[PDB]
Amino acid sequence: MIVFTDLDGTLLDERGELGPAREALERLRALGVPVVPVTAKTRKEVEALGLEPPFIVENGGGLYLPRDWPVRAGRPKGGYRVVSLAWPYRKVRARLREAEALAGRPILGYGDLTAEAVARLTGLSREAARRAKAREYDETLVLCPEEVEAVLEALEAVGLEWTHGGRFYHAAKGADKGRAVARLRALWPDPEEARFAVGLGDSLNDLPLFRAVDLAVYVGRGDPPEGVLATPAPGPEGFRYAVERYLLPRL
């Protein structure tokens, strides 16, 4: 069993805190159950969380493996090895300019804003904002509601893919959580341990994760996406419940 999980609103709250999920991570660990972060956050945001490879960044754009991963894959980049699944940031940024000209409205993303601007919009510190700006694959967008339809068509016209985390929209190409989750199972040292994957998430950019796992659990605020399990309370408390009720029994 491998547990794949979203961060914000799932394993943590929107404020980084694990809450009633730490004790639920403790257990999973104690029973040797692998937990893999699958997030829209960048590498630097994940590291700041004290979280360790393997994990998936930027909506599936990047898979990170411990430098000494028993299955040789990707290219050494830091003290990890990286398997890039999506266009690099810079290509996405280029395409966005074409999208912008086509739409005839400003299309502003984190790459256009100062760290201080990103901080003010998100409620983060200047440092946390620097780390959110260190993007390698995926772009976070700041769209006013009124311009959204026009902008999403403009993205599709110039070949970009879009999703959202619940506040801000994201633009990328080849970044998909299922895809990255599927790749990592296929790179897993123990094929029996990876045989049964669990998936937990909270927003739209989680459906692809739900579809690439064998047990899908939604701990968000709405109605669960079709044929995915729900918990009594959102977030980490939903996470805790999921483990107690859905996981350890199986375990």
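So that there is no doubt, residue numbering starts at 1 and follows the sequence shown. The term rigid core refers to the most C-alpha atoms you can superpose between the two forms while keeping them within 1.5 Å.
With 204-212 and 32-40 as candidates, the stretch whose CA atoms show the greater average offset from this form in 8 other deposited structures of this protein after a core fit is 204-212. The rigid core fit leaves 160-168 as the farther-lying stretch in 8 other deposited structures of this protein, judged by Cα positions and set against 160-168 and 90-98. Higher mean CA temperature factor, per the PDB entry, when comparing 71-79 with 135-143: 71-79. For the segment pair 124-132 and 105-113, the entry gives 124-132 the higher mean B-factor, averaged over Cα atoms.
As recorded in the entry, 30 carries the highest CA temperature factor of 36, 184, 57, 30. Sorting the modelled residues of the chain by their CA temperature factor places residue 44 in the middle third.
The deposited CA B-factor of residue 189 belongs to the highest third of values across its chain.
Sorting the modelled residues of the chain by their CA temperature factor places residue 50 in the middle third. The entry lists a Cα temperature factor for residue 199 that places it in the middle third of the chain's modelled residues. In this PDB entry, residue 208 carries a Cα temperature factor that places it within the middle third of its chain's modelled residues.
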